[PDB]
Amino acid sequence: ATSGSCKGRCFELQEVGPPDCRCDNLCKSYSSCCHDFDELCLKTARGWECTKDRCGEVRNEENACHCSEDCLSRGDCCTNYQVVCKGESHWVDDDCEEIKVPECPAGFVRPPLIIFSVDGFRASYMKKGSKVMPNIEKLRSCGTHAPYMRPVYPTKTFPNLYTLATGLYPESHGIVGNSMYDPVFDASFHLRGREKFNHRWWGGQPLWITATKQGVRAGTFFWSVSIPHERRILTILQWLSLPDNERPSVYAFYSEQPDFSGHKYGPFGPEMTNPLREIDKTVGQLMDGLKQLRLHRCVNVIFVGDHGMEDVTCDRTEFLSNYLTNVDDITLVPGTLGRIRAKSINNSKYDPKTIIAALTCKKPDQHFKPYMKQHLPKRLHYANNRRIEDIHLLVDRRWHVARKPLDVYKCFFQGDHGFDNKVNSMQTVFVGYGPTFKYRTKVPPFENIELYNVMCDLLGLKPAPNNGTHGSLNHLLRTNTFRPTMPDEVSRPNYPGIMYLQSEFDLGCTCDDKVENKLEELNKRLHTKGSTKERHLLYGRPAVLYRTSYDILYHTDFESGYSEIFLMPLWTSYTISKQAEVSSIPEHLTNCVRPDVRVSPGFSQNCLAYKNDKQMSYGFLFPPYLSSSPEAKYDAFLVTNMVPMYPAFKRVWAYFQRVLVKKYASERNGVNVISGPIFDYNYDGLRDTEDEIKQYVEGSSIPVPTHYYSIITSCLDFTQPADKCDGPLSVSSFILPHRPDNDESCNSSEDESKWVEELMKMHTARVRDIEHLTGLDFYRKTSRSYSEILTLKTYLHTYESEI
Ligand SMILES: *[C@@H]1O[C@H](CO)[C@@H](O[C@@H]2O[C@H](CO)[C@@H](O[C@@H]3O[C@H](CO[C@H]4O[C@H](CO[C@H]5O[C@H](CO)[C@@H](O)[C@H](O)[C@@H]5O)[C@@H](O)[C@H](O[C@H]5O[C@H](CO)[C@@H](O)[C@H](O)[C@@H]5O[C@H]5O[C@H](CO)[C@@H](O)[C@H](O)[C@@H]5O)[C@@H]4O)[C@@H](O)[C@H](O[C@H]4O[C@H](CO)[C@@H](O)[C@H](O)[C@@H]4O[C@H]4O[C@H](CO)[C@@H](O)[C@H](O)[C@@H]4O)[C@@H]3O)[C@H](O)[C@H]2NC(C)=O)[C@H](O)[C@H]1NC(C)=O
Ligand SMILES: CS(=O)(=O)c1cc(Cl)cc(COC(=O)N2CC[C@@H]3CN(C(=O)c4ccc5[nH]nnc5c4)C[C@@H]3CC2)c1
Ligand SMILES: [Ca+2]
Ligand SMILES: [Cl-]
Ligand SMILES: [Cl-]
Ligand SMILES: [Cl-]
Ligand code: NA
Ligand SMILES: [Zn+2]
């Protein structure tokens, strides 16, 4: 019954549900507005700007906004009122003055936060559109900015907007696409329709709920498309004029541009200048408005995008009907990513192995690649949700994927987004301006999952649990609310000595090692006691953050943390100087594996299991090829340095170890390497407990890793060697999937120099990702501040060309 009125209720802040009619900014979307809503709340008379004649006018309540003398008190002047009528200046015209402290009106308990979000605002617009965006350029250069901010995958609207609000990966918050099907709900989420309004889709805890639960009032974050931007600004300005006990502390403004035009004209279509002009004018209105309310040196403003925009056209579409004979037995979620599932959910005939095989490397210039979702690069964090189909297609930038030619022809678009989140055109923007942000400061690029913690900080809230790393963006803020602290080590290591005789071992292992002093025997003794450890463990031992039993093992060339539960190192650490030399495994040592006299037969692997497992071979965490001497090389063949490896994977690993490590050491002036196994059988991005392992080397208790990681650190100033670095560090990491084939790599039949490094780059990772997956904590002992270390751990080396 939409029988009531909006008289004196325009844009009320507490949503009253039907039968009674609504007057809030979402009533339109719910089709529940009072009949006078447009009349009372959506006035448009005389436009949005004051004119010289309108100055000092007599108040007419039918105007969109007012230029009467009483307007400042009422809180509803046109944003340009003071400029036109009182000889004031526009906010953009004033010089940039540092905001050393909040300058707020009496009654303001804390600086308000305004989140100005812009849809499809590609990172490079800041430079390429600078001439036409003066208000935005002022915010950017006077406040705190990043060259770009990295969105989450898929680089879609809803997943990214909701990630900004929650600090969660789409897989955790549930909005895994702009459209999705949930097999338990048996329902589809679409941009059009009512399904999207049901609360069951939306997980996690968004900023507005966090604020509310802790006594902080929020304006609405959603705006009906039919409410013009001018009216959105005026409403926020009106809300900011409310009494102390009624006024929100956090606000949000949303713009459908430049996304809307970008899809039609491409990211840099000549038609794109005008929407950039218009976003800027809107920002100018907001800032003029705040300057009227004397809040422009009081409010913190975030100008943030959800994702970028890429050139994409109808002709650049791959069709599945070109690869698959049985295209009618599948459903495809199409576009800039592909998700495939059975047409009929309960049929045993559907074999996803054969679907993938048919999609794998079939055309030489194929513009997508199929994955089982658990095999996608771990950095995408796109697997742990039932709404994510088992089959995924990663589509090349500039391209689309569709099921059949008919879906596409029965071409109106030149731009789209959704691709891999490391892709340059998908990068978006961040600017922070206000008393709490830093003054004229550029910060390095960061991921959007980190922003939720900052917004909570800006508002004095305790953030719900999320995927940000709290403290990693403290360097954006003039004054911090949160002091990060290293987590306490849970398990302390054992430091075992020589306790077992060779003959106590029945491993089925052999080696040609029976050939051999005062000088060289007391010296190798120091190596096993930790003498070269200051060289090979450069940032302290990683802390183990869960309950387990493990040994620190020292050697001349490397140090490891050996798990007696998993029968292999959790981590192996070693430094390769720029002058280090690669050698080969001597002919008589090719099948050499030696018992480790510090570790019991009971907590060791055996060579017999590997003999009997025809699928599984083994490799070594510290590489024999990088031994410092023939005597030291024997250490590399210890049974405690050994890890299970598919022969297909050994090709990757051997090339990394034999060739790439030395190359990185040359280019970066030495590198420190920490390598180890990862077990993530339920693809949740977190370390598996021992009873979750789904695969063992056949007939043994040796678990098989799902992935192998390395963290490769050196000095940021490369004129200093990795092992003698005084300043900031530089890191790149990866998490390689441990797969029994190389189907992922279409050129894998060629030499490793043509494909291995490309594969590794694809599977680049943050140290922080590896921490979740191992339960380890790295960089415990450096000369660097912990906040700078947190930033370092969230760094991702993307290998894209310069933005
Ligand atoms: C990124 O960050 C996020 C957030 O920090 C990380 O995700 C967290 O990771 C935890 C480990 O997986 C997980 O812990 C679970 O929680 C189970 C209950 O979860 C429900 O309630 C959650 C809390 O909401 C409350 O919030 C505040 C807190 O004060 C309260 O005031 C409120 O009143 C709320 O109650 C809620 O977040 C969660 O939401 C998920 O599910 C919803 C649908 O039901 C979705 O709408 C929503 O999007 C979430 O969906 C995600 O998460 C689920 C897993 O929860 C996942 O399957 C989806 O795909 C999607 O990813 C729920 O509503 C709790 O029962 C679990 O406890 C089990 O394990 C422990 C382990 O020790 C046992 O002790 C315990 O006995 C229990 O085992 C029992 O159950 C087993 C399975 O049924 C059974 O086999 C066994 O025998 C036992 O009976 C466990 O603690 C968090 O829920 C999760 N949080 C979120 C938001 O996802 C994430 O890991 C980070 N990512 C990375 C890579 O780092
Ligand atoms: C960043 S924040 O302030 O926390 C924040 C979080 C959230 Cl969840 C929503 C907000 C603010 O959202 C809102 O007002 N919404 C209302 C409009 C919706 C309808 N949309 C589309 O039809 C659409 C747009 C672009 C596309 N490209 N390709 N397909 C597309 C489809 C966009 C939606 C955004 C949400 C802000
Ligand atoms: Ca796991
Ligand atoms: Cl192979
Ligand atoms: Cl465990
Ligand atoms: Cl670019
Ligand atoms: Na074998
Ligand atoms: Zn879009």
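- By the method listed in its record, X-ray crystallography, this PDB entry was determined to a resolution of 2.0900 Å.

1. Here we look at the overall build of the chain
Step number 1: Counting its regular elements, the chain contains 22 helices and 29 strands.
Step number 2: Taking 803 residues into account, the globule formula puts the C-alpha radius of gyration at 28 Å, and the chain, at 30 Å, falls close to it.
Step number 3: If you line up the chain on its principal axes, its C-alpha atoms span 105 × 60 × 45 Å.

2. Focus: the coordination of the calcium ion (ligand 3)
Step number 1: Around the calcium ion (ligand 3), the donor atoms from the protein are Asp 680 (OD), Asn 682 (OD1), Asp 684 (OD), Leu 686 (O) and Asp 688 (OD), and they sit 2.3 to 2.4 Å away.
Step number 2: Binding-site remark: the calcium ion (ligand 3) is held by donors from one chain whose sequence spacing is D-x1-N-x1-D-x1-L-x1-D.
Step number 3: Overall, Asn 682 belongs to the partly exposed group, its relative accessible area being 31%.

3. Notes on the environment of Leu 242
Step number 1: For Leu 242, the location among the structural elements is in the loop between α9 (229-239) and β6 (250-258).
Step number 2: For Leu 242, a relative accessible area of 22% corresponds to the partly exposed category.
Step number 3: Taking the C-alpha atoms as reference points, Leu 242 and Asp 329, 87 residues apart in sequence, are found 58 Å from one another.
Step number 4: Apart from the residues within four sequence positions on either side, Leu 242 is in contact with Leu 13, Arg 247 and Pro 248.

4. Regarding the site of ligand 1
Step number 1: If you check the shell around ligand 1, you find 13 residues, and the closest are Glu 171, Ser 172, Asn 384, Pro 465 and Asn 467.
Step number 2: Here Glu 171 contributes a backbone N or O atom positioned 2.9 Å from an oxygen atom of ligand 1.
Step number 3: A distance of 2.8 Å separates an oxygen atom of ligand 1 from a polar atom in the backbone of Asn 384.
Step number 4: Within the complex, the protein chains bury 30% of what would otherwise be the 1700 Å² of accessible surface of ligand 1.
Step number 5: The leading source of residues in the shell around ligand 1 is helix α7 (residues 170-173), at 3 residues.
Step number 6: Here the shell around ligand 1 is built from residues that sort into 3 nonpolar, 8 polar and 2 charged.

5. Describing the pattern of salt bridges
Step number 1: Throughout the structure, instances matching the rule amount to 47 salt bridges.
Step number 2: Where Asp 420 meets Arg 379, a salt bridge forms, and the shortest distance between an N and an O atom there is 2.8 Å. This pair shows no difference in class: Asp 420 is buried, exactly as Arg 379 is.
Step number 3: Sharing partners across several salt bridges, the network here consists of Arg 59, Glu 61, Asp 70, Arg 74 and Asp 76.

6. Concerning the side chain of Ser 733
Step number 1: Examined against the element boundaries, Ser 733 turns out to sit in strand β27 (residues 729-737).
Step number 2: A relative accessible area of 3% means that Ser 733 is categorised as buried.
Step number 3: If sequence neighbours within four positions are ignored, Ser 733 has contacts with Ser 710, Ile 711, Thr 764, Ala 765, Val 767 and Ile 770.

7. Details of the pairing of strand β10 (residues 330-333)
Step number 1: Direction of pairing for β10 relative to strand β11 (residues 337-342): antiparallel, over a ladder of 4 bridges. Bridged to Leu 332 within β11 is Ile 340.
Step number 2: Counting the residues in the hairpin turn of β10 and β11 gives 3 residues, including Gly 335, whose phi is positive at 120°.

8. Re the packing of aromatic side chains
Step number 1: Under the defined criterion, the tally for this structure stands at 37 aromatic pairs.
Step number 2: Members of the aromatic cluster, connected to one another through ring pairs, are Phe 158, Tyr 162, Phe 185, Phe 189, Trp 201, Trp 202, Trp 208, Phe 221 and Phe 222.
Step number 3: Here the basic side chain of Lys 128 rests over the ring of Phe 268, its NZ or CZ set 5.1 Å away from the ring centre.
Step number 4: Across the ring face of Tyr 323, the terminal group of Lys 363 is positioned such that the distance to the ring centre comes to 4.3 Å.

9. Quick notes on the site of ligand 2
Step number 1: The full set close to ligand 2 counts 19 residues, and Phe 221, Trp 223, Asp 259, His 263 and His 417 are the nearest of them.
Step number 2: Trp 223 is positioned such that a nitrogen or oxygen atom in its backbone is 3.1 Å from an oxygen atom of ligand 2.
Step number 3: A distance of 3.0 Å is found between a nitrogen atom of ligand 2 and a side-chain nitrogen or oxygen belonging to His 417.
Step number 4: Breaking the shell around ligand 2 down by element, the ones donating at least two residues are β1 (113-119), α6 (157-166), β6 and α10 (259-265).
Step number 5: If one sorts the elements of the shell around ligand 2 by residue count, α6 sits on top with 6 residues.
Step number 6: Per-class residue counts for the shell around ligand 2 are 12 nonpolar, 5 polar and 2 charged.

10. Notes on the state of the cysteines
Step number 1: The tally for this structure, following the rule as stated, stands at 15 disulfides.
Step number 2: Paired through a disulfide, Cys 104 and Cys 298 show a sulfur-sulfur distance of 2.0 Å. Torsion about the S-S bond of the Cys 104 and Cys 298 cystine: about 95°, corresponding to right-handed handedness. Linking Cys 104 in the loop between α3 (81-86) and β1 with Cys 298 in the loop between α11 (273-292) and β7 (300-305), this pair joins segments that are 194 residues apart in sequence.
Step number 3: Judged by its relative accessible area of 28%, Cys 104 falls in the partly exposed class.

11. A few points about the sheet that holds strand β22 (residues 568-576)
Step number 1: Spatial ordering of the open sheet is given by β20-β21-β22-β25-β26-β27-β28, a layout of 7 strands whose pairing is antiparallel. At either margin of the open sheet sits one strand with a lone partner, and together these are β20 (550-554) and β28 (764-765).
Step number 2: Relative to β28, β27 runs antiparallel, the two sharing 2 bridges. Considered in β28, the bridge of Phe 734 is made with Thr 764.
Step number 3: In this fold helix α21 (residues 767-774) packs onto β25 (671-678), β26 (707-715), β27 and β28, with an angle of close to 50° to the strand it touches most, β27.

12. A look at helix α5 (residues 134-142)
Step number 1: For α5, every residue scored as buried is listed here: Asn 135, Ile 136, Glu 137, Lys 138, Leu 139 and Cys 142.
Step number 2: Contact partners of the buried residues in α5: α4 (125-128), α11, β7 and β16 (430-433).

13. Describing unusual backbone geometry
Step number 1: With an omega of 10°, the peptide bond between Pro 18 and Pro 19 qualifies as cis.
Step number 2: Among the structural elements, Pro 19 can be located in the segment before α1 (37-41).
Step number 3: Following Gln 257, the chain continues into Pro 258 via a peptide bond in cis, with omega recorded as 5°.
Step number 4: If you trace the backbone, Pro 258 turns up in strand β6.
Step number 5: We note that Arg 294 has phi near 50°; this positive angle belongs to a residue other than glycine.
Step number 6: Take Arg 294: it is sitting in the loop between α11 and β7.

14. Structural notes on the coordination of the sodium ion (ligand 7)
Step number 1: For the sodium ion (ligand 7), every protein donor is listed as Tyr 610 (O), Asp 613 (O) and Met 616 (O), and the spread of their distances is 2.3 Å.
Step number 2: Each donor residue of the sodium ion (ligand 7) lies on one chain, and together they are spaced Y-x2-D-x2-M.

15. Description of α6
Step number 1: In terms of burial, α6 is a largely internal element, 9 of the 10 residues being buried.
Step number 2: Among the residues of α6, those classed as buried are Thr 157, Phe 158, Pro 159, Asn 160, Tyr 162, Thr 163, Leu 164, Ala 165 and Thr 166.
Step number 3: Positioned one or two residues after α6, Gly 167 has a phi angle of 70°, which is positive.

16. Section: the side chain of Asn 669
Step number 1: Structurally, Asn 669 is set in the loop between α19 (647-668) and β25.
Step number 2: Excluding anything up to four places from it in sequence, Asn 669 contacts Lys 578, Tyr 664, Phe 718, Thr 719, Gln 720, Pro 721 and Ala 722.

17. As for the sheet that holds strand β13 (residues 391-395)
Step number 1: Spatially, the 4 strands line up as an open sheet ordered β10-β11-β13-β12, and their pairing is antiparallel. Edge positions in the open sheet fall to β10 and β12 (368-372), since each of these has one partner strand only. When strand polarity is set aside, the average angle formed by the axes of neighbouring strands in this sheet is 25°.

18. Concerning the nonpolar core
Step number 1: Judged by nonpolar contacts, the single largest core of 61 residues is most densely connected at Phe 116, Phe 121, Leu 240, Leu 290 and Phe 303.
Step number 2: A total of 6 residues in this core trace back to one element, the largest contributor, which is α11.
Step number 3: If near-sequence neighbours (up to four positions away) are discounted, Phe 116 is found in contact with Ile 233, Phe 253, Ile 279, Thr 282, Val 283, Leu 286, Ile 302, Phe 303 and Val 304.
Step number 4: Of all hydrophobic cores here, the second largest spans 57 residues; its members include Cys 592, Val 593, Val 643 and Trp 653.

Conventions and cut-offs
- Residues numbered from 1 in each chain as written, not as in the entry; some residues may be left out.
- Chains lettered and ligands numbered in written order.
- Heavy atoms only, no water.
- Residues with missing side-chain atoms left out of burial classes, pairs and counts.
- Helix = DSSP H or I, 4+ residues; strand = E, 2+ residues; numbered from the N terminus.
- Rg over C-alpha atoms; globule rule 2.2 N^0.38 Å.
- Donors = N, O, S within 2.8 Å, 3.2 Å for Na, K, Ca; no water.
- Buried < 20%, exposed > 50% of the residue type's maximum accessible area, 1.4 Å probe, protein only.
- Contact = heavy atoms within 4.5 Å.
- Near = heavy atom within 4 Å.
- Polar contact = N/O pair within 3.5 Å; in protein donor to acceptor, adjacent residues only side chain to side chain.
- Areas by Shrake-Rupley, 256 points an atom, 1.4 Å probe, with all protein chains shown as cover.
- Nonpolar A, V, L, I, M, F, W, Y, C, P; charged D, E, K, R; others polar.
- Salt bridge = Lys/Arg side-chain N within 4 Å of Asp/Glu carboxyl O.
- Pairing = 2+ DSSP bridges.
- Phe/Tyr/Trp six-rings, centres within 6.5 Å; stacked < 30°, edge-to-face > 60°.
- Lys NZ or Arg CZ within 6 Å of the ring centre and 35° of its normal.
- Disulfide = S-S within 2.5 Å.
- Axes fitted to C-alpha atoms, helices over the stretch in contact; angles between N-to-C directions.
- Core = buried A, V, L, I, M, F, W, Y, C linked by side-chain atoms within 4.5 Å.

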